[PDB]
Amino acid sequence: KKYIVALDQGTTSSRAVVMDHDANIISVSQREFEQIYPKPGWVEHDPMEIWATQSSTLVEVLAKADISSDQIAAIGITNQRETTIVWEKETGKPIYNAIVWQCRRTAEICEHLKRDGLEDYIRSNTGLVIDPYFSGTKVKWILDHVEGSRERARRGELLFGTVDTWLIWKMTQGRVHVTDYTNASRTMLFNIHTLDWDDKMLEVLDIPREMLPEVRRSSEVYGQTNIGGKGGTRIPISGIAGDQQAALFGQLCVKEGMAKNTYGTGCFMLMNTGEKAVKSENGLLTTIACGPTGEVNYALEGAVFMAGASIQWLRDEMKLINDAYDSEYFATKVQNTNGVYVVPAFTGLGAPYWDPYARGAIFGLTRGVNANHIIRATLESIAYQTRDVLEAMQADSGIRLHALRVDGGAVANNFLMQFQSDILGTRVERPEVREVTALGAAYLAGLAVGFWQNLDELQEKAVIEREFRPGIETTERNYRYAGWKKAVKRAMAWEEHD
């Protein structure tokens, strides 16, 4: 009994990870899963595939690392936060695929609410923005979209759930219908002061309460699981959080003012705002983090929809790189983007913009622009975007951050990193372990299980493997930025409202 196990249900892959008591990484599992675009603007995931992969990674992580059911103190869980599931309570079968948080299909529905004038209400109790991004719209969607859903829904025959929930249920044979604070926040269904489903929003979206599941603390005993092994082995489930929050947490951004920015399929920037929830005026998200004890807290969140994904697109779709990591190479074979700009609004915009109608776009093409500029453009867009939110933050925040605690798959790229310090004019912290989403999940659980007795017990745990100071002139910084800002403006509003 001396291992903790984090579960990370990524946007593109399912991960499984293994730490010890000194919190190292004994092992990793990963599997990607099919991403579906039934139609341009839309994103879906197979719930079944989401599962399997997530299960198998679990099982495969121990196997290979040669660990037995028995030594697993507990299991923590983080997931991508907005994607929505709905299935028959009985058969445990989805009434429709999972709609990822990217999928813009409920834009239209958003229009309605915007118009009924719920904007202030929503910013107010949920702290969210009216976006197809959030779960509510989605649920109403399956709901309206499937024959007598609403009905079954009422007869409590159907279960609504995010990923964490779905995970756990499956996990516990349908025994446990739960989810933690953090994940509830982004549903735009649950009140954040109150701390429990906004009664108003259910009516609004026309959503039968029967369907929701209990909400709990992010750090706590929720259940157990039997994955086989040596007769009588049950594994506990003591930790749940959205990756974002997980990272935040595994980053030890446990006081107000503390923040990090993560780089994976998207970009997330979160600042801990302690016990008090700052209402943003600069196009940010107010949300729930975790205190040093898995306690409710608040946070300022800036969400970027596309980051490493552009890069995935380069390779899967554009097929211009053979592997992610190549980007560094190619992008550095030139001195600039040669006037080029990418606006990766592939799935709309996001903070601080919030533009369901924007699409992805390339700018300032000329004859002599080759592929290397493009790729490089792609990277930098990442860098701009952040700049977009960071400011917003300092705006809303009132704090002027002095360095950037980043993390994610992509922090591995040094270019992007340098580029980022430059463009920012800020220091950039690069911790020695980049799977913190996973840590935050280990941390939360084992906490819940006295695997660790408190945070501090970790503290000297977090190590900056490298830091980046800028190097470029203010003039050009702003100079390049302006370009970016203009590029943005050309993109927004592309798609037509039906």
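Numbering starts at 1 and follows the sequence shown.
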query	finding
25 to 33 or 49 to 57, whichever carries the higher mean Cα B-factor	25 to 33
Of 422 to 430 and 345 to 353, the one with larger mean CA B-factor	422 to 430
Out of 331, 311, 254, 267, residue topping the C-alpha B-factor column of the entry	254
Most elevated Cα B-factor in the entry, residues 116, 196, 316, 380	116
Residue 283 - Cα temperature factor, lowest/middle/highest third of chain	highest
Ranked against its chain, the third holding the CA B-factor of residue 479	highest
Third of the chain's Cα B-factor distribution that residue 189 belongs to, per the entry	middle
Chain-wide C-alpha B factor ranking for residue 399, given as lowest, middle or highest third	highest
For residue 109, the third of its chain into which the C-alpha B factor falls	lowest
